[PDB]
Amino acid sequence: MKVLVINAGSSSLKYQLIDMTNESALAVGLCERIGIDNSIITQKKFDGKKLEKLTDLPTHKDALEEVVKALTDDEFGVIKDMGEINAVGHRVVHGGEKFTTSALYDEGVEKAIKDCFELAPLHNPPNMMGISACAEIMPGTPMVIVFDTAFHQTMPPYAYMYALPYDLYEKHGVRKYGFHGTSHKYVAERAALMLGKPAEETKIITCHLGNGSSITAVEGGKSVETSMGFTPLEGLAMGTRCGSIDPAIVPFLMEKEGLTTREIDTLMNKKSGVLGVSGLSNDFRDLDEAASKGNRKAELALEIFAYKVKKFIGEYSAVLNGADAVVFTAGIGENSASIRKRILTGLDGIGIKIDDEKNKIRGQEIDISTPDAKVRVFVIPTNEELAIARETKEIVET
């Protein structure tokens, strides 16, 4: 099979054509300035052959037509007919809640995706401009919609429920949903491999550390617990998010600062995290340097961040009654041996130990734990497009 993973944008359209027989990215491209002028489409064939074309792209519908022209090119393409694409994937975050499985996008899925709109204080809704374009260009083609919150639908009631009046979950659907589902599920499957055992007999703690970070407890290959909840705000302190602070602080600030419902929300999701603590930046590579340069704020901010992730490794250690391995992925988890150490140091009491040398290695699936460590600690890079591809396949297959 061959899957085309799409990713709609404001005025762009990223794509990948993956051959699922070897999970090889045959081609990779990106459309830009869609609707705007000076439109361009850039493609890169696996065998080192980039192609650029300056054709105006009025609508993503047209842009998608060019993506096909690029794949079909015999000199810079990788497929003769458009009929070689038997599946298309699209990742969805908000509007995805309440979906236990990846839908095969039919007439009843737009509404479903259009329902979780206002529902939950979610910013940028599902950019459908790039999804509806498939129904046109290639109708007789399977289109799967991957949900970043579906992976956590296996969580038990005593976990996704809040100790709040039951009518809230019943009247507004207030429950813990979780995110980074595709990333968490991908590395999970990977970890099980490196453990040399069936995913069914493995207890893994997956750590997605990026601008928005999230931890998940993976038992027998299913999400049983996750750090985020109703919204991505719950959980670890991250780039600009506050995380799980004292709920009472929310209304407190609103009164002491004469704020609005929207002002407090912005401050927790945009003006907080390491950005608000360091007062310097939300980007970690920057905070890391500032820190080593003697910057108190930055340093403090990094201590909070690592500390919270550490606390979570422990919290999920209980939730899973013993953890076989811990996985670190995403931007921070993959390139920062610095923060990985801050996090993993001082956990030998719970079976965690890391080989400072293997830890230095960057970008590579490696087991940075010591050989005597009771718990393995893997560093697995997340391949999103490939994850969306595996999913679309699983659906189209079954």
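The first residue of the shown sequence is 1; numbering continues from there.
If you average the C-alpha B-factors over 198-206 and over 320-328, the higher value belongs to 198-206.
The stretch with the higher mean CA B factor, choosing between 155-163 and 71-79, is 71-79. In this structure the maximum Cα B-factor among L344, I350, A337, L57 is found at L57.
When the Cα B-factors of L302, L236, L119, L280 are read from the PDB record, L119 comes out highest.
Per the PDB record, residue ranking by Cα B-factor puts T100 in the highest third of the chain. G130 sits in the highest third of its chain by CA B factor, as recorded in the PDB entry. In the PDB entry, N295 places in the middle third of its chain by CA B-factor. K310: CA B factor lies in the lowest third for its chain, per the PDB record. In this PDB entry, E136 carries a Cα temperature factor that places it within the highest third of its chain's modelled residues.
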